[PDB]
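Written out below as C-alpha cells is the structure these notes cover.
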Amino acid sequence: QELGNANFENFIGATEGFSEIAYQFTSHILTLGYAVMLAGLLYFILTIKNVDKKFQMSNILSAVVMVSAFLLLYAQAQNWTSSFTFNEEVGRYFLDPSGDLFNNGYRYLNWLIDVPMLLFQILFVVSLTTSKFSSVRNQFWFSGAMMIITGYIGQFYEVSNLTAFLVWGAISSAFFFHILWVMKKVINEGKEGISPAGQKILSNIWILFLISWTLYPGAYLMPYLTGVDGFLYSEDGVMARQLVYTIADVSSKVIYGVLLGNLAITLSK
Amino acid sequence: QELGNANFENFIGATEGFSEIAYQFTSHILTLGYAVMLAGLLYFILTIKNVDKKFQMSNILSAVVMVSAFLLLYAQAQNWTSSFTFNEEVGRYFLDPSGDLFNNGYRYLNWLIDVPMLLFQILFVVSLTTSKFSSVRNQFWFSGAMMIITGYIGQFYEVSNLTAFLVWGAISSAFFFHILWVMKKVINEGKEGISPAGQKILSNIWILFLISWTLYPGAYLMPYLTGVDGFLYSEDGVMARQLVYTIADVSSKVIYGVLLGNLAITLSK
Amino acid sequence: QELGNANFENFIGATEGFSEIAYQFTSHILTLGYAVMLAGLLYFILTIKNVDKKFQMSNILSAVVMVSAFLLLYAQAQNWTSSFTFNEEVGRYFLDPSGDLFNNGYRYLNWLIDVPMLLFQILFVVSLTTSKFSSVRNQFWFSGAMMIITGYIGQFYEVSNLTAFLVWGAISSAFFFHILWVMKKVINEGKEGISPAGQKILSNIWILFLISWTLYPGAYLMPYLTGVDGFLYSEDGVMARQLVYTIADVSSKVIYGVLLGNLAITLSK
Amino acid sequence: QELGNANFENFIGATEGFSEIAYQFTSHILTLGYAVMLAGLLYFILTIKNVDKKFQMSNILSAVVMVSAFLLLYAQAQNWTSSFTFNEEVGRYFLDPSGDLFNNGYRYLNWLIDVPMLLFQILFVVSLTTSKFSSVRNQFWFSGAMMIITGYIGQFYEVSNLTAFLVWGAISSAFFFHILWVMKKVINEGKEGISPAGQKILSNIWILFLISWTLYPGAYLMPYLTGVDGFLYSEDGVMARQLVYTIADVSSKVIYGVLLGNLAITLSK
Amino acid sequence: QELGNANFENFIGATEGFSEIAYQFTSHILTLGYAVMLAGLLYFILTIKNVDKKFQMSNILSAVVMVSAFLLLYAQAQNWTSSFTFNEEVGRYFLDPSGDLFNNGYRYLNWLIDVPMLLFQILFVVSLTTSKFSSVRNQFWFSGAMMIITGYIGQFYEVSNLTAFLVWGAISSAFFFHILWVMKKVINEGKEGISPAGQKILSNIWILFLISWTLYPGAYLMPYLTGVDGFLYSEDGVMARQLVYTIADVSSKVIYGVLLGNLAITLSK
Ligand SMILES: *C/C=C(C)/C=C/C=C(C)/C=C/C1=C(C)CCCC1(C)C
Ligand SMILES: *C/C=C(C)/C=C/C=C(C)/C=C/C1=C(C)CCCC1(C)C
Ligand SMILES: *C/C=C(C)/C=C/C=C(C)/C=C/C1=C(C)CCCC1(C)C
Ligand SMILES: *C/C=C(C)/C=C/C=C(C)/C=C/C1=C(C)CCCC1(C)C
Ligand SMILES: *C/C=C(C)/C=C/C=C(C)/C=C/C1=C(C)CCCC1(C)C
Ligand SMILES: CCCCCCCCCCCCCCCCCCCC
Ligand SMILES: CCCCCCCCCCCCCCCCCCCC
Ligand SMILES: CCCCCCCCCCCCCCCCCCCC
Ligand code: NA
Ligand code: NA
Ligand code: NA
Ligand code: NA
Ligand code: NA
Ligand code: NA
Ligand code: NA
Ligand code: NA
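Protein chains in written order, with UniProt numbering: chain A, 3 to 271; chain B, 3 to 271; chain C, 3 to 271; chain D, 3 to 271; chain E, 3 to 271.
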C-alpha cells in the first residue's frame, strides 16, 4: 500500500501497529492538550480586571491564542482516534484509511496565528528603549510566518523525501534564530526601568521561551533523533513527539501567558 | 459517473483523486478558517469598552459577522473531509458520495448576511458629508444581495454549463463595481473632518477592502484562470481556490474589523 | 415503498429523488437559518444596556427565542442531510431510511414556545389603554398554542390523508385570525401616547408581523398551491417550502426583535 | 429476542415497532425539552440583577438546574433516535440494538441533582417562622435522594419483574409524601409576614409543585395505567410517558423558577 | 482474542459481557459526572463577587478545575458507550473493538492538572504561620505529579501484570501520604488566627479531603478488593469502580470548592 507524502505515524500504524499503551497514551496527552487550553481561556478572561487597563491587551491576546488552540488541538485529537482502529486477532491499533491519514498539519496552522500573537503580546507589558515598536513587531510577524510555512512544507516529506524534510527544516531554523535574537533584545530593553521583581520574571520568561520553543524543532526530528531504523522510529517515537508537542504548547502559551500576567500585576499601580 | 450541476472539486476527486498534501492542506486551511473567526469574535467582544458608546455598534456587527462566519465555515470544513475518502490501493482521496458532493454554497450564504453588515458597520464610525446615510445603506444592501444571489446560481454550473457560469458571474460583477463605487465615496466623505491619523487608517481600509473583495471573484474563476484542461484545472486549482477564500475571509472580516476598531479609538475622546 | 403518515419531502426523495441544486440549496438555506439565530442571540444580549431597564425584558425574550430557535433549526438542518444520500448511478439524492424520515416537526415545536414569547414581548415596549395586560396575554397564549398544536397534527397527513390535512389547517387558521385581531388592538392602543416616530415603527411592525406570519400557512400548503401533480409537487416545492420558512423565521423573530429594540430606544430617555 | 431488565419502550419497538407519528412526536417532545432548559438558563442569568442580592441565590440555583437538565435531557433525546431505525418493508421504526437499548435513566440522574436544588432554592426567597432552615434542608435532601434512588431501581424491572417495579415505586412514594408534607409547612410559614401579593404567588407555587411533581410517578406507571395488555401498553403509552415527563420537567423547573423570581421581585425594595 | 495491557472492564465485556443494568448504570453515573462539573463551573463564576478580591482566586481555580473536568469526564463517558455494543442473541453488551478499548486514562491525566490546582487554591483562603507558601506549594505540585504519573503507569497492568500494578500503586501511595501530611499542616496553621466558624469549616474540609481522596486508590484496587475470581472481579466491580470515581470527583472538586467559598465568605468583611 502506497501512503505517499504522509507523516511517519501512518507508516508505524500501517506496518507494526500501535500497542494499547502507545495508542491510549497519545489519545490522553492530546485530550489533556485541548482541555488545558479551554481552562486557560477561562483564567485569562476572569483575571482581566486584575491589571491596569494598559496591560489588559495581554490577557485578551492570551485568550485569542487559547480559543484557536482549543479548536485546532481538539480536531488533532480526533484526527488520531479516527485514523487508527483496533485489530482483535493481533490486539494492536492499525491505520484505518476510512478515517483519513493522521497529519500534524492542524497543529502547524495553530502556530501560524499563535506565534504572531504570542510575540506581539509581550510588547504591551514591557517598554522598548532604543528599539522601535513597529520595527520589532514586523520582524517577529515576518520571520514567524516564514518559520511556520517552511516547516509545514518539510513535515509532509519526513518519510517520502528525507532530503526535502531537512532542507526546509534548516531554512525554518534560520528564521527561528532571528526570532530568538529579536526576543532577546525585547527582554533586555524590557528589564531597563522596571523593579528587580519585574526583571526576575522577564528572566524566567526568557528561559521558558528558549526551552519551550526549542521543543518544537525537537518533535519535528523526533523520529530520526536515534538515526534511521533507530529506537525512536517506532510507536515510542510517536508517543515522544505528541508528548513533547503537548509540553511545548502548555509552556509556550498557557504558562508564558500566566508569567506575563504576573509581570503586568508587578508593574500595575 | 453522473454528478450533474456540481462544483469542479467533485470532478477532480471523482477522476484523478487528491494527494495526501492536496487533501490535508485543504482540511487545514478550512480548519484555520473557522478557528480565526471564533478568535476574532472573542476579541471584538473584549474590546467593546475601548471606544465611545457611539462607535460600539461597529464591534457588535463585527461579532455578529464572526459568529455566522464560524458556523457556515465550520460546516464547509466538514463538507470537505466527509466528501473525500482515502483509497489504500492507489493512495489518493476519491469522491465518497455517501458523504454528499462538496459545494462552496455554505460560504456563499455566509457572504449574503455578512456583505450587508460589513458595508453597514463603517457607517457607524465615519460621518457622510454630501451622501445620505439611508441612500448609501440601501445601495450597499441591494447591490450586495444581487451580487451574492447571481454568483450563487452561476457557481452550480462552473462545470455543467460554462456559459451560464460566466453570464451570471458577469451580471454579479456589475453589482460588485457599483459597491466599490459607493464604498469609495464613503471613504472620501469619511476622511473629511477627521484627524490625519484617522485618514491614514481609512486609506489602509480602502486598500484592504479593494484587494480582499477582488479575491472572491478570483476564486470563482480559479479552475479556468489557466484555460480549460489547464494547470489550475487540477487538485492544485482546488488548493488555490480554498486558500484564496480563507485569505479573503480573514482580511475582509477580521482584519477589516480590527482597522475599524482602531479608527473608532482614534476618533474616541 | 411504505412511508405512511410522512411529509411530502420523503415521497419526492423516495420516488423522483433530489438534484444537486435542490438538495444543496435546501441544506444551505437551513444552515443560514440557525446561523442567523445565533448571530441575533449575540446582538440582543450586547444591546440590552442600550434601552431603559423597563424595556430590557424585550431583549431578554428575543434572546430566549433565538437560543431555542438555533437548537431546533440546527437539528432540522442535520435531519435533512441525514434523510437523503447521493446515488452515483443516477446522480440524485434519494431517501435514506437509516437516517430517519424528514419531518417539519422540529420547526412546529420551535413555534410552540416562540409564538407565546414573540406576542408577549411587545407588551413590555407598548402601553395598552382600554385592554387589560393579563387579558391580551391569555388570549395570545391560548390561541397561539391551539394554532400550533392543530397545525402540527395536520402536517402529518399532508400526503396520507389530504382531508384531515385541510380540516386541521382550517381549524388552525381560525385561531390565527383571532391572534391577528388581538395584535391589531395592541398596535392601535400602543400608538396612543407615544411620539409620531414610535407610531411610524409600530406601523412597520404590524406590516412585518402580518406578512411574515402569513408565510407559515403558505409553506404548509406549498406542495398543493399549484394543485395535485402540479409544478410545486416536486423538488421545486421542497426548495420553496424550506426557503419560505427561513424568510418567515428571520423576519418574525430577528427583524421583529430589532424593530422592537429600535422602538424601545425611541421611548427611552 | 432477549432484552432482560429493559424499559417497556424497547419491547414495543422490538415487537410492534413505532409509526412515523409515534417516533417523530417522541423526538420533537424530547428536543423541545432540552431546548426549553437552555432558554431558561439564559433567562435566569439575564434577570439576576432584577432582585435584591439576598434573593439572587435563587436565580443561580435555577441556572444550575437548567445546565445539568440540558445536558442529561439532550443525552436522553439522542438515546431515543439512536435506539430505533426505520424499516422500509413495513414502514415502522424497530429497536436497533447497535444504538443501545433506550433507558429513562439519564432523566432519573437529572432529578437526583435537581430535586435537592429545587427544594433548597425556595428557602432563599421565603422566611421560616417555627421551622429550622438546616432541619428542613436535611429532610428535603435525604427524602429527595431516597425517592430518586429507589425509583431508579424499580424502573429497570417495569417489564422483567412487575412485583419489584411496584414495591420500589411504593417505597419511593413514601419519601414523596414526606417531601409534600415539609414543602406544605415551608409554604405556610412563607406566607406569614409577606404582602397579600407574595401570598398569592406562594399559593400558585404550591399548586404548580403539587401537580407537576405528581406527573413523574404518573409517567412511571404510564404503561400499566390501563392494566396489562391495555391501550397504554403500546406506542401510545410511549408518547404519553415522554410527553408527561416533558410537561413535568418544564413546569417543575423553568415555570417554578420563574414564579420564585416573581416572588423575589415582590419582596425586593 | 488478545487485549494485552488493557483495563479489566474490557476483559469482563469481552468474556461475560455486561447486563442492561450494569451497562446503563455505568453510562448514567458517567453522564451525571460531567453534568455536575458544568453545573459547578456556572456556580463558581456567578458567586465570584460574593467574596473579597483577595479570595476570588479560589473561585477562579475551582472554575478552571470544572472546565477541564467536564471535557475529560465527557470523553471518558463517550469511551464507555463506544467500547460496548448490545448482542441481540444473548442480550448483553460485549467489547466492540471498532470503538477502541475502554481506558480510565482520560480521568488520570484529568487529575494531573486538577490535583495541583485543588491543593494550591486552599493557600489563597487560609494563612500559613511557620510554613512558607512557596515551600508547601512546591511539595504539593511535585508529590501530586509523581502520585498521578506512577498510578497512570500501574493502571495499564491491572490485568496483564498484577505485580507491576501493585508496585506502582505502592510507590504512588508514598507520595499520597506526603500530600496528606503537608495538607494536615496547612489545615492546622490555617485554623490559627481565624474565628471559630472558620475553624469549624476547615475541620469539615479536612474530613472531606481525607475520605474523598482515599476513594481514588480504592477504585484502583476495586477489581481485586475481593481477591482474584472474587465477587468484585465482575460487572459488579465495574459499576462499583465508576460509581466510587464519580462520588470522589464530585466531593473532591465541587463540594471541596463550595466549602472553600463558604470559608472565604466567613473571612470576608
Ligand atoms: C504555541 C505555538 C508555538 C510556540 C509554535 C512554535 C513553533 C516553532 C518554534 C517551530 C519551529 C520549527 C523549526 C525551527 C524547524 C522545523 C519546523 C518548525 C516549524 C517546527
Ligand atoms: C466576508 C464575505 C465577503 C467579503 C464576500 C464577498 C463576495 C464577493 C465580493 C463576491 C463577488 C462575486 C463576483 C463579483 C462575481 C462572481 C461571483 C461572486 C459572488 C464571487
Ligand atoms: C417564529 C415562529 C412563528 C412566527 C410561527 C408561526 C406560525 C404560524 C403563524 C402558523 C400558522 C398555521 C396556520 C394558520 C394554518 C396551518 C398550520 C400553521 C400552524 C402553519
Ligand atoms: C426536575 C425533576 C423533578 C421534579 C423530579 C421529580 C421526581 C419525582 C417526584 C419522582 C417520584 C417517584 C415516585 C413517587 C414513585 C415512582 C418513582 C419516582 C422516582 C418517579
Ligand atoms: C479531582 C481529582 C483528584 C482528587 C484525584 C486524586 C487522585 C489520587 C488521590 C490518586 C491516588 C492513587 C494512589 C494513592 C495509588 C493508586 C494510584 C492513584 C493515582 C489512584
Ligand atoms: C503592518 C503590517 C506589515 C507586516 C509586514 C510583514 C508581516 C506579514 C507576514 C506575512 C508574510 C508571509 C509571506 C509568505 C511568502 C511565501 C512563502 C513561500 C515559500 C518560500
Ligand atoms: C514554583 C514553580 C516551580 C515548580 C517546581 C516544583 C515541582 C513541580 C513540577 C513537577 C514536575 C514533575 C515531573 C516528573 C518527572 C518525570 C516523572 C518520571 C516518572 C517516574
Ligand atoms: C464531612 C462530610 C464527609 C462525607 C463526604 C464524603 C462523601 C463520600 C461518601 C463515602 C461513601 C462511598 C462508598 C461507596 C460504596 C460503593 C461500594 C464499594 C465497594 C468496596
Ligand atoms: Na480508534
Ligand atoms: Na475523509
Ligand atoms: Na424557539
Ligand atoms: Na446526505
Ligand atoms: Na439537572
Ligand atoms: Na433513528
Ligand atoms: Na480536570
Ligand atoms: Na454502546
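Every residue, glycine too, gets a C-beta built ideally from N, C-alpha and C.
The three-state secondary structure of D/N9, taken from DSSP, is coil. Shown here for D/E191: same chain residues with a beta carbon closer than 8 angstroms to its own, the five before and five after excluded, namely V128, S129, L130, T131, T132, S133 in chain order.
E/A41 has its alpha-carbon roughly 36 angstroms from the corresponding atom of B/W82. The chain-ordered list of residues whose CB is nearer than 6 angstroms to some heavy atom of ligand 10 reads A/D102, B/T83, B/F86, B/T87. Taking a beta-carbon distance threshold of 8 angstroms, B/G93 counts as an interface residue toward chain A. Distance from the CA atom of D/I14 to the CA atom of C/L73, rounded to whole angstroms, is 29 angstroms. The C-alpha of B/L121 lies about 19 angstroms from the C-alpha of B/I249. Distance check between D/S254 and each of D/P118, D/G229, D/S29, D/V53 places D/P118 closest, using alpha-carbon atoms only. Taking the Cβ atoms as the reference, A/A8 lies roughly 5 angstroms from A/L103, within the contact range of under 8 angstroms. Set against 7 angstroms, the gap from the CB of A/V38 to the closest heavy atom of ligand 2 is not smaller.
Proximity annotation: ligand 7 has residues E/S136, E/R139, E/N140, E/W143, E/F144, E/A147, E/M148, E/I151, E/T152 in chain order, each selected because its CB is closer than 7 angstroms to a heavy atom of the ligand. Contact check for E/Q26 and D/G107: beta-carbon distance about 5 angstroms, within the 8 angstroms limit, so the pair qualifies.
Counted as a single uninterrupted DSSP element, the alpha helix (DSSP H) harbouring B/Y108 occupies residues 107-123. For A/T17, there is no enclosing alpha helix (DSSP H), as DSSP marks it with neither H nor E. Three or more beta-carbon pairs drawn from the region 207-219 of chain A and the region 172-185 of chain A are found closer than 8 angstroms, and the two stretches are therefore classed as touching. According to the DSSP assignment, B/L63 belongs to the alpha helix (DSSP H) that extends over 58-85.
Between D/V69 and the set E/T49, E/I62, E/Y45, the nearest pair of CA atoms involves E/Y45. Near chain B, meaning a CB-to-CB distance below 7 angstroms, the residues of the region 5-28 of chain C are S21, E22, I23, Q26. Under the DSSP assignment, C/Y247 falls in the alpha helix (DSSP H) whose first and last residues are 237-251.
Between the region 224-233 of chain C and the region 82-91 of chain C, the count of Cβ pairs shorter than 8 angstroms is below three; the stretches do not touch. For the pair A/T152 and A/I173, the CB atoms are nearer than the 8 angstroms cut-off. Out of C/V240, C/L34, C/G171, C/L5, the CA that lies nearest to the CA of D/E91 is found in C/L5. In the three-state DSSP reduction, A/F88 falls in the strand class (E or B). Chain-ordered, the chain A residues with CB closer than 8 angstroms to the CB of B/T49 read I62. The closest heavy atom of ligand 3 lies less than 7 angstroms from the beta carbon of C/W215. The beta-bridge partner set that DSSP reports for C/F96 consists of C/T87. A check of alpha carbon separations from C/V256 across C/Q3, C/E18, C/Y36, C/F10 identifies C/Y36 as the nearest. The beta carbon of D/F126 sits closer than 8 angstroms to the beta carbons of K56, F57, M59, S60, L63 from its chain, once the five residues preceding and following it are set aside; these are given in chain order. Residue range 22-48 is occupied by the alpha helix (DSSP H) that includes D/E22.
Shown here, A/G229 sits in coil according to DSSP, grouped into three states, outside any helix or strand.
The beta carbons of B/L261 and C/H30 sit no closer together than 8 angstroms.
A/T268 is outside the set of residues whose beta carbon lies under 8 angstroms from a beta carbon in chain E. Per DSSP, A/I213 is one residue of the alpha helix (DSSP H) stretching across 198-223. The beta-carbon distance between E/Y235 and E/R109, rounded to whole angstroms, is 20 angstroms. This is too long to meet the 8 angstroms contact definition. Around A/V38, the same chain offers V252, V256 as residues with beta carbons nearer than 7 angstroms, after the five sequence neighbours per side are excluded. For D/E191, the three-state secondary structure derived from DSSP is helix.
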